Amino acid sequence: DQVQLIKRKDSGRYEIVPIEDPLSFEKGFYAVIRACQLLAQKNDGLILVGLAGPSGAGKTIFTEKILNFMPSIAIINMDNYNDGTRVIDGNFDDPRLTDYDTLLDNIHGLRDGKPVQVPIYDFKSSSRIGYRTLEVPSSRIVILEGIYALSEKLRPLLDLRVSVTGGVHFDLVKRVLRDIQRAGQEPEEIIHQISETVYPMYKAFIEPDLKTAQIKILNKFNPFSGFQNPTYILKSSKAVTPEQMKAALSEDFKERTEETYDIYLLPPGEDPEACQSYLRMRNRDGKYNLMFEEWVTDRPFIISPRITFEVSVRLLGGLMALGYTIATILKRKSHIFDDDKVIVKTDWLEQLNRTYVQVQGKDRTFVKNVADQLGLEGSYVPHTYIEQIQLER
């Protein structure tokens, strides 16, 4: 865990000695920070670090913890370099999406001290909407975060190669194992076959790059962290119009609309319309998200950690190949007001032909009072949408 430097023979710049042992999330967080402090005291110019890993392993929450610890660093999200015209698919996992010409040019400019125009990618329209000016930050630390941040085209220009594995990406594999395990099967052999089925590109394209990491962070998933800081939801059948929300709520609430499509998946086996733990595939603005449906009902609230990570549609085919079945499809159209801390929205679901109001957030007192501000008392429905269609048979 001791970070030490060694002069890389190809240049005069020093480099971190590879830590062969995988590291904890909290310990890897401190190993990365101290490695940057040492690399910035022994090498001049830009300190570029590649942060690679699968979707869901925790590299996003890793970055936003480094940013809150050090606001003087800049984070570059590698998916902003995507070019939808390169592939005919919409799979974000596809390594053929990144425009390496713009990427490599951006890092050569930042190495020469120049500010560069880094692209901004809108997944809803699947196009590059514009650019943002990124100067070399004060810390001179730039984090390139992406699934292929340790690709062969980027390793010569990286000063530190960090990989993040595990998280909810691996927890889904253990969850599927809990659902489909048969007696006599060696668990490590089934785990391997689950990963090949549900993540058909991890072993081939993603993992080989992660082995070349100098700090290998293994993020062990915590099932109890979600319910420590969960999402509190109040659902109402009242007809609070979006015009009434705009006026009642503060001007800090930003207004937006969206259409989502939820696919509810049941595990294989005979759940007699009960003991049913759903997996939810959500489609929203060009992204597919897998969600775990772990719910507690404290009237009038409904509470859930809302554990979710981005997945390819291929994951749906893999789950169904492993016995998971589609219970129902829920198509909705939503009108959202977002305080960035509290969300007040109205959802219209086609299958119910009804309109519901939803106040959600991580601060339970903030959710209750905002719902009281809209006069929602006496109209609460403490049930999930999938539970409402079940009740209205």
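Numbering starts at 1 and runs along the sequence shown.
Higher mean CA temperature factor, per the PDB entry, when comparing 2-10 with 382-390: 2-10. In this crystal structure, the stretch out of 320-328 and 341-349 whose C-alpha atoms carry the higher mean B factor is 341-349. Note on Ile75, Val173, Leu150, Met245: the highest value goes to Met245, judged by CA B factor as recorded.
Of the residues listed, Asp262, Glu196, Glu310, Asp112, the entry assigns the biggest Cα temperature factor to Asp112. Sort the modelled residues of the chain by CA B factor and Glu255 lands in the middle third. Compared with the other modelled residues of the chain, the Cα B-factor recorded for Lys203 ranks in the middle third. Looking at the C-alpha B-factors along this chain, the one for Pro300 belongs to the highest third. When the modelled residues of the chain are ordered by their C-alpha B factor, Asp94 lands in the middle third.
In the deposited entry, the Cα temperature factor of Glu293 places it in the lowest third of its chain's modelled residues.
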